[PDB]
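Single-structure report; data block below.
Protein chains: 2
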Amino acid sequence: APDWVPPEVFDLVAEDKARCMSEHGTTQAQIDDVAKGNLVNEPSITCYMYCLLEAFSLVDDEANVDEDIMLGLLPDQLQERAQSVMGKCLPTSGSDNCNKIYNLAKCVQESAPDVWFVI
Amino acid sequence: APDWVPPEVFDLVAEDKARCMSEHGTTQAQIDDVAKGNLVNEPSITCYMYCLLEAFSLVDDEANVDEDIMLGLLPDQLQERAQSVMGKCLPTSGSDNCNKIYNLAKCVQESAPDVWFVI
Ligand SMILES: CCCCNS(=O)(=O)c1ccccc1
Ligand SMILES: CCCCNS(=O)(=O)c1ccccc1
Ligand SMILES: CCCCNS(=O)(=O)c1ccccc1
Numbered sequence: 001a002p003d004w005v006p007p008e009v010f011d012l013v014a015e016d017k018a019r020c021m022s023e024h025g026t027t028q029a030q031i032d033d034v035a036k037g038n039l040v041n042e043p044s045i046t047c048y049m050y051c052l053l054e055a056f057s058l059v060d061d062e063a064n065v066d067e068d069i070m071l072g073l074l075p076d077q078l079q080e081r082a083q084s085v086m087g088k089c090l091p092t093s094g095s096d097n098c099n100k101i102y103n104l105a106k107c108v109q110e111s112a113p114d115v116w117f118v119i
Numbered sequence: 001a002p003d004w005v006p007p008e009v010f011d012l013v014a015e016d017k018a019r020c021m022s023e024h025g026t027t028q029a030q031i032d033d034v035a036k037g038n039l040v041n042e043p044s045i046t047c048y049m050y051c052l053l054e055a056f057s058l059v060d061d062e063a064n065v066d067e068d069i070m071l072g073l074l075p076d077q078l079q080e081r082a083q084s085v086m087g088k089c090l091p092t093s094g095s096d097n098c099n100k101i102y103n104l105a106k107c108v109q110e111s112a113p114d115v116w117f118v119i
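Here the protein sequences line up with chains A and B, keeping their order.
Counted from 1, the first sequence has number 104 at position 104 by PDB author numbering; the numbering is strictly sequential.
Counted from 1, the second sequence has number 51 at position 51 by PDB author numbering; the numbering is strictly sequential.
Below, the structure is given as structure tokens:
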């Protein structure tokens with residue numbers, strides 16, 4: 001949703017978006033809420049984000065973020081900002097994979113809400 | 001094991017853990033191996049998982065799973081996530097009891113790696 005997201009990402013994620021929303025019972029409404037900063041800790045959205053990340057190998061089976069793959073997918077414009085916020089927010093911590101991603105999202109959104117995006 | 005697993009279960013299983021590891025020649029390394037995502041189809045671990053399940057009355061003599069009790073014993077957030085996964089992955093199928101549980105474990109891990117834990 002933020003204006004920096006490369007156009008190609010909308011097509012790149014389309015397959016795994018459909019699959020992940022089906023698996024987690026996610027609605028588009030929940031997703032639209034996130035750029036508005038209305039994220040709540042509900043598995044239907046938190047496990048969706050986990051699902052989408054895992055699909056691009058941005059996280060492992062334990063929801064640990066691969067910083068290199070994350071920076072790789074991000075555009076050049078955001079490398080500086082994203083590296084700083086990852087330093088701050090990683091490694092992930094939480095009770096389960098979905099909570100780990102919720103905790104990461106909240107962490108990022110505290111200083112850099114426009115760096116965390118969901119589609 | 002994942003961070004969500006109830007503290008109580010470490011003590012609750014200690015008796016049957018010992019008996020089940022002894023029965024199936026299981027080593028602690030094999031058990032630890034699973035958390036890492038490295039579950040293999042080997043009877044010393046797959047029959048161990050059967051054995052622990054049966055101890056909690058979660059499987060019968062044919063490795064049919066009691067979905068209701070399995071789900072009921074999971075903490076709230078894991079119970080929600082597992083309902084879907086268990087809908088897909090149950091009832092069990094396979095050539096023997098040990099393979100049935102291997103197939104269940106892999107099935108669960110495809111969508112919900114952190115849901116299927118072994119101790
Ligand atoms: C780092 C930005 C947060 C990623 N959130 S997301 O899980 O919806 C997602 C969006 C796009 C690709 C993969 C995952
Ligand atoms: C007695 C209370 C502990 C059971 N909780 S459990 O999540 O570890 C669990 C173990 C085995 C199957 C399902 C859930
Ligand atoms: C979601 C259920 C996981 C079952 N895994 S287990 O069979 O090794 C087991 C762990 C603890 C108690 C009984 C069985």
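Using N, Cα and C, we set each Cβ at its ideal position, and we do this for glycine too.
So what's residue i in DSSP terms, helix, strand or just coil?
| i | result |
| --- | --- |
| residue 5 of chain A | coil |
| residue 114 of chain B | coil |
| residue 42 of chain B | coil |
| residue 36 of chain B | coil |
| residue 71 of chain A | helix |
| residue 87 of chain B | helix |
| residue 31 of chain B | helix |
| residue 22 of chain A | helix |
| residue 13 of chain A | coil |
| residue 96 of chain A | coil |
| residue 119 of chain A | coil |
Report the neighbours of residue i on chain A: residues whose CB is nearer than 9 angstroms to its CB, in chain order.
| i | result |
| --- | --- |
| residue 25 of chain B | Those within 9 angstroms of residue 25 of chain B in chain A number zero; the least Cβ separation is about 26 angstroms. |
| residue 84 of chain B | 23, 24, 25 |
| residue 2 of chain B | 62, 95, 96, 97 |
So who's on the other strand from residue i, going by DSSP bridges?
| i | result |
| --- | --- |
| residue 59 of chain B | B:65 |
Once you ignore the five residues that flank residue i on each side, which residues in its own chain have a CB closer than 7 angstroms to its CB?
| i | result |
| --- | --- |
| residue 122 of chain A | The structure shown does not extend to residue 122 of chain A, since chain A spans only 1 to 119, so no value can be given for it. |
List, in order along the chain, the chain A residues whose C-beta lies closer than 7 angstroms to that of residue i?
| i | result |
| --- | --- |
| residue 39 of chain B | Result: empty, since nearest Cβ-Cβ is about 11 angstroms, beyond 7 angstroms. |
Check the Cβ of residue i against every Cβ in chain B and list those closer than 8 angstroms, keeping chain order.
| i | result |
| --- | --- |
| residue 15 of chain A | Simply none; closest approach about 16 angstroms. |
So which residues of chain A does residue i contact, with C-beta pairs closer than 8 angstroms?
| i | result |
| --- | --- |
| residue 77 of chain B | 43, 95, 96, 98, 99 |
| residue 113 of chain B | 61, 62, 97 |
Looking only at its chain, what residues have a beta carbon closer than 8 angstroms to the beta carbon of residue i, apart from the 5 residues adjacent to it on each side?
| i | result |
| --- | --- |
| residue 4 of chain A | 75, 77, 78, 114 |
| residue 7 of chain B | none |
Would you mind telling me which residues of chain B sit closer than 7 angstroms to residue i, beta carbon to beta carbon, in chain order?
| i | result |
| --- | --- |
| residue 47 of chain A | 81 |
Quick one: what's got a C-beta closer than 6 angstroms to residue i's C-beta in the same chain, skipping five residues either side?
| i | result |
| --- | --- |
| residue 46 of chain A | 98, 101, 102 |
| residue 41 of chain A | 102 |
| residue 34 of chain A | 118 |
| residue 70 of chain B | 58 |
| residue 25 of chain B | 44 |
When a residue counts only if its C-beta is closer than 7 angstroms to some heavy atom of ligand 2, which residues count, in chain order? Per the Cβ criterion, the list is B:5, B:6, B:8, B:9, B:12, B:56, B:58, B:70, B:73, B:74, B:75, B:78.
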